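Read the structure below first, then the notes.
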Amino acid sequence: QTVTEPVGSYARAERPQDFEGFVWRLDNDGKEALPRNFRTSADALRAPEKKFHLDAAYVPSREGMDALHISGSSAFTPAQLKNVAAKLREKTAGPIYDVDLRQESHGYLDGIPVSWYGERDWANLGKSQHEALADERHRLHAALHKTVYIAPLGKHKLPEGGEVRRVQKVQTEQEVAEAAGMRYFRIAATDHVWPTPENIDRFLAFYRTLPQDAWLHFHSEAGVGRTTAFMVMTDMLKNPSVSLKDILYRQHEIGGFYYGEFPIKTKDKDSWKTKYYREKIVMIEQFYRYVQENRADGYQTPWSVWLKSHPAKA
Amino acid sequence: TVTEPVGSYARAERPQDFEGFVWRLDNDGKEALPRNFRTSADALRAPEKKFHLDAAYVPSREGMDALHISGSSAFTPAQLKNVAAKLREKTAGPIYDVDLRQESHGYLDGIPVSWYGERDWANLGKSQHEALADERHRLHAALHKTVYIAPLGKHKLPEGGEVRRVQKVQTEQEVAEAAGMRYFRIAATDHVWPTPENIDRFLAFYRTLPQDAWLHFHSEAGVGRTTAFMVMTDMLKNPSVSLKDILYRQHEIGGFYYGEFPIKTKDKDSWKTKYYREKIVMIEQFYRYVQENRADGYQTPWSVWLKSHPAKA
Ligand SMILES: O=P(O)(O)O[C@H]1[C@H](OP(=O)(O)O)[C@@H](OP(=O)(O)O)[C@H](OP(=O)(O)O)[C@@H](OP(=O)(O)O)[C@H]1OP(=O)(O)O
Ligand SMILES: O=P(O)(O)O[C@H]1[C@H](OP(=O)(O)O)[C@@H](OP(=O)(O)O)[C@H](OP(=O)(O)O)[C@@H](OP(=O)(O)O)[C@H]1OP(=O)(O)O
Ligand SMILES: [Cl-]
C-alpha cells in the first residue's frame, strides 16, 4: 500500500554519502567566445539528432517562439557570460536573467569557473537549496589564499592533468552575473535527474512575477539535461496552445536534448542513467498535463501539491 | 655574509609555493616487495650509464657483510611484512623501519598515500614536530571522509586514481610495528641534501644502536634520500673504506650514485640541477666530518662542525 518514493523522486532513494565531492572540476576552459550548446528561442530549427530516432521531415510549429525570449547554455567563464549578455541585449530591452540550475557547489577561483565534483556530479544530492548554497558559500570562501587543484575530468570521470594554484580571488556566480549586467536566480537542481517538486515550485513562483519582457538565460554544467528541462517547461507555460510534440521537437531542434520517447542506449558504465532518462520522459508528460489542467485558474495549485494528488506512472 | 650556506640551499625556496593538494598513491601494491629494494649483502651490478662511471672498476666490499642495511621505496603493509620476513633471515637483532620522509604520509584503508605538493615539498620549511603534527591531523581528518587517491602521471599531476570513503587510518609507525619492525622517523625534504638537523638526529640515533641492529631505510622512490643515508651509514661503520668505494658500491647494489657526474635534466626539471650539485659537495663534506671526528668518538656534532667548516660550491 505504501510507496517509499514516487515517480519523479527516484533519486531520493540514492545515498548522498556515496557521492561526496572530492575535486574542483574545471567547468569551462575558456577557449571559445561563448559557452557550449548556446542557443536561443529565436534560432532556426536544425535537423534532429540521429540518436533520438525522430521524423526529420516533421516541421514543428514555431507558434510563440518569437515572443518566448529564452536561451540556454553550458557553464561559462566571466568573459563568456559577458559575450552572452551582449548578444542577448541585441534581442531585448527587458531584464536578462542568468537562471543557474546547478545544485552542485560552484563558483569562480581567479576567474576560473569551477565546481565541487563528486561521483555522478552528486556532491550536493539530497541537500535542501539552503544547505547546498551554504556548502557552496563555505567552500568558495575557504579557497581564498589557499592552494587548490583544478582539473578537467577525463577517462572514467576522474581528474586528468589540470593545474595547481594559490587562489587570490573568489566569486560566486551571482557576482559574475551581476558584473555582466544580468539578474541572477538560482534553482539547485541535481545533475542527470528530473528536477524535484521543490525545484519546480520555486521556478513557477519566480516565473509568475517576471516582467512581460524578461529574458531567461538558463544554464547547467553541459547545457543539456537540466537546461533543456527548464526551457521545455517555460515553453509549455508560455505557449500552452502548442502541442507536446511541437514543444519537444522544437526545443530539441534549436540545440537542446529531446525529452520525448526514444531508444535509450547507454554504455555499461552508464547503465545507472537508464531509469533516470525514463523517469524524465514520464515527468515531462506529467508536467505538460499540469500546465494544461491548471492554467485556467491561474495555477492556484502548486506543482508539488498537484503532483501528490496526481502521481505519475512508470 | 651569506644568506644560505652550501647544504642549506632549499631554505631559500618559499614553502607557500608548494603546498599539498592531493593524496598521492605511494605504491600500487602489485609487487610482493617495494621498488628499488636492496641490501648491503647484495652483489654489485654494472653502473648506470647516466653516471658515466668506470664499469671495470671493482670497489672494495670490506665491511659490507657486517653493514646490515637495506633500502627501498614506499610500500604497502603487505610489502613491508614481506621485507621484514626477508630481513629477519639475516639478523637476530632489532630491524628498524627508518622513515626518511618529510612529506605527510600514512595509510588509508591499507593504501600507502602522501599529501603531495609541487616537487613533493608540501612540508618544506616545517620543523619535524610541525611536519608530524600536520601528518597526524590530516590522517585523522580523512577517517570516515571521502578522499581522492591518485598516482601522478603527465607533468606530476594526478591521472585517474580512485575515490573512496575511508574506514581505517594508520600511521607508518603503526604499520611498521605491526610488521615486527622498530620505527624511527627523520623528516627529510624530497630531492635535496638532508639538513644539519636531519643528520644530527640520525647520528644520535646511530649511536644508540646495538651491534646487531638492521636498518631498513626508505623514502618515496628509494633513491635520493634513501641512498644518502645508506651512504652516511656505510661511511660511519666502515671509515677505512675510500670515498670512491663507498659511492660506487652503494650505487652498484641499487642506489643513486653520489659522486661527481655530468648532470643533465629535462628542461622542466632544471630546478633540480643545483640541488644535485649541492648533494655532491655535501657528500664529500660528510666524509670529511667522519674522518676528522671518528677518533674522538664524535664529541662534536655534524651541525656544529659544518658551521665552522663550511662547504664550498
Ligand atoms: O559536461 P559533460 O561531461 O559533457 O556531462 C554532461 C552534463 O552533465 P555532467 O557534466 O555533470 O556529467 C549534462 O547535463 P547538464 O549539466 O546540462 O544538466 C548531461 O545531461 P543529461 O545527463 O541530463 O542527459 C549530459 O548527458 P548527455 O549524454 O545526454 O549529453 C552529460 O554528458 P556526458 O556525461 O555523457 O559526457
Ligand atoms: O617516485 P618517483 O616518481 O619515481 O620520483 C622519484 C623520487 O621522488 P618523488 O617521488 O617525490 O618525485 C626520488 O626520491 P626519494 O623519495 O627516494 O628521496 C627522486 O630522487 P632524487 O630526486 O633525490 O634524485 C627521484 O629522482 P631520480 O631517480 O631521477 O634521481 C624521483 O624520480 P623521478 O622524479 O625522475 O620520477
Ligand atoms: Cl661542540
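Every chain is numbered from 1, with letters handed out A, B, ... down the list of sequences.
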Heavy-atom distance under 4.5 Å between the side chains of A:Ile264 and A:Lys273, does that happen here?
-> no
Pairs under 3.5 angstrom only: tabulate donor-acceptor contacts from the side chains of residues 222-234 of chain B to other protein residues two or more places apart or in another chain.
{"residue": "B:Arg225", "atom": "NH1", "partner": "B:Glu103", "partner atom": "OE1", "Å": "2.8"}
{"residue": "B:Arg225", "atom": "NH1", "partner": "B:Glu103", "partner atom": "OE2", "Å": "3.4"}
{"residue": "B:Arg225", "atom": "NH1", "partner": "B:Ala188", "partner atom": "O", "Å": "2.9"}
{"residue": "B:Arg225", "atom": "NH2", "partner": "B:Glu103", "partner atom": "OE2", "Å": "3.1"}
{"residue": "B:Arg225", "atom": "NH2", "partner": "B:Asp190", "partner atom": "OD2", "Å": "3.4"}
{"residue": "B:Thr226", "atom": "OG1", "partner": "B:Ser219", "partner atom": "N", "Å": "3.0"}
{"residue": "B:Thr226", "atom": "OG1", "partner": "B:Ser219", "partner atom": "OG", "Å": "2.7"}
{"residue": "B:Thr227", "atom": "OG1", "partner": "B:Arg38", "partner atom": "NH2", "Å": "2.9"}
{"residue": "B:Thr227", "atom": "OG1", "partner": "B:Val223", "partner atom": "O", "Å": "2.6"}
{"residue": "B:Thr227", "atom": "OG1", "partner": "B:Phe256", "partner atom": "N", "Å": "2.9"}
{"residue": "B:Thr233", "atom": "OG1", "partner": "B:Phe229", "partner atom": "O", "Å": "2.8"}
{"residue": "B:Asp234", "atom": "OD1", "partner": "B:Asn238", "partner atom": "ND2", "Å": "2.8"}
{"residue": "B:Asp234", "atom": "OD1", "partner": "B:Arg249", "partner atom": "NH2", "Å": "2.7"}
{"residue": "B:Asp234", "atom": "OD2", "partner": "B:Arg249", "partner atom": "NE", "Å": "2.9"}
{"residue": "B:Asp234", "atom": "OD2", "partner": "B:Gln250", "partner atom": "NE2", "Å": "2.8"}

Can we call the ring centroids of B:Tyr96 and B:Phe205 under 6.0 Å apart?
-> yes
Got B:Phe37 and B:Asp42 here, is their nearest side-chain heavy-atom distance under 4.5 Å?
-> no
Test B:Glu135 against every option in B:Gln102, B:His140, B:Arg185, B:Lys126 by the side chain to side chain donor-acceptor pair (under 3.5 Å) rule and name the one that passes.
-> B:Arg185
Side-chain donor/acceptor of A:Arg102 to backbone N/O of A:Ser105, under 3.5 Å = no
Give every donor-acceptor pair under 3.5 Å between a side-chain atom in residues 12-22 of chain B and any protein atom, sequence neighbours left out.
{"residue": "B:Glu13", "atom": "OE2", "partner": "B:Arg119", "partner atom": "NH1", "Å": "3.3"}
{"residue": "B:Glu13", "atom": "OE2", "partner": "B:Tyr275", "partner atom": "OH", "Å": "2.6"}
{"residue": "B:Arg14", "atom": "NE", "partner": "B:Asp17", "partner atom": "OD2", "Å": "2.9"}
{"residue": "B:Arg14", "atom": "NH2", "partner": "B:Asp17", "partner atom": "OD1", "Å": "3.0"}
{"residue": "B:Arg14", "atom": "NH2", "partner": "B:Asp17", "partner atom": "OD2", "Å": "3.1"}
{"residue": "B:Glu19", "atom": "OE1", "partner": "A:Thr147", "partner atom": "OG1", "Å": "2.5"}

Is a side-chain donor or acceptor of B:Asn27 paired with a backbone partner of B:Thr76 at a separation under 3.5 angstrom?
-> no
Could you check whether the rings of B:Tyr257 and B:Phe51 sit parallel, tilted or perpendicular, using 30° and 60° as the cut-offs?
-> tilted
Distance-only side-chain donor-acceptor flag, B:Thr91 / B:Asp212, under 3.5 Å | no
Within residues 149-164 of chain A or reaching into it, pairs that qualify as side chain to side chain donor-acceptor pair (under 3.5 Å) - sequence neighbours excluded | A:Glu163-A:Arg165
Looking at side-chain heavy atoms only, is the closest gap between B:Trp23 and B:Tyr116 below 4.5 Å?
-> no
Test item: B:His251 side-chain N/O and B:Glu48 main-chain N/O as donor-acceptor pair under 3.5 Å = yes
What distance do B:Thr195 atom OG1 and B:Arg201 atom CZ have between them, rounded to the nearest 0.5 Å?
-> 11.0 Å
Without swapping roles, check the side chain of B:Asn82 against the backbone of B:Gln79 for a donor-acceptor pair under 3.5 Å.
-> no
Between B:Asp267 and B:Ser270, does any side-chain donor sit less than 3.5 Å from a side-chain acceptor?
-> no
Working for side-chain hydrogen bond (donor to acceptor under 3.5 Å, both in side chains), residues B:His218 and B:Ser72 = CA-CA 5 Å; B:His218 84 85; B:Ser72 78; 5.6 Å; no
B:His144 side-chain N/O to B:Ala141 backbone N/O, donor-acceptor pair under 3.5 Å | no
So, B:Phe217 versus B:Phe202, ring centres under 6.0 angstrom or not?
-> yes
Could you walk me through whether B:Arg24 and B:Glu220 pass the salt bridge (charged side-chain N to carboxylate O under 4.0 Å, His left out) test, one step at a time?
-> CA-CA 11 Å; B:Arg24 172 191 194 182; B:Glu220 173 71 323; 3.4 Å; yes
May I ask you to decide if A:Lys31's main-chain N or O and A:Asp29's side chain share a donor-acceptor pair within less than 3.5 Å?
-> yes
Less than 4.5 Å apart, any side-chain heavy atom of B:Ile95 and any of B:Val83?
-> no
If the plane angle is over 60° it's perpendicular, under 30° parallel, otherwise tilted; pick one for A:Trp272 and A:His192.
-> perpendicular
Side-chain contact test, heavy atoms from C-beta onward, threshold under 4.5 Å: evaluate it for B:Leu215 versus B:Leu209 and give yes or no.
-> yes
Return yes when atom CZ of B:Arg88 has more than 12 non-hydrogen atoms of other residues, nucleotides or ligands closer than 6.0 Å, and no otherwise.
-> yes
Any donor-acceptor pair under 3.5 Å from B:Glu172 side chain to B:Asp99 backbone | no
May I ask you to decide if A:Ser74's main-chain N or O and A:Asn37's side chain share a donor-acceptor pair within less than 3.5 Å?
-> no
Counting heavy atoms not belonging to A:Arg166, are there more than 12 under 6.0 Å from its CZ?
-> yes
What distance separates B:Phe75 CZ from B:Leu33 CG, expressed to the nearest 0.5 Å?
-> 11.5 Å
Just by distance, do the side chain of B:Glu177 and the backbone of B:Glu174 share a donor-acceptor pair under 3.5 Å?
-> no
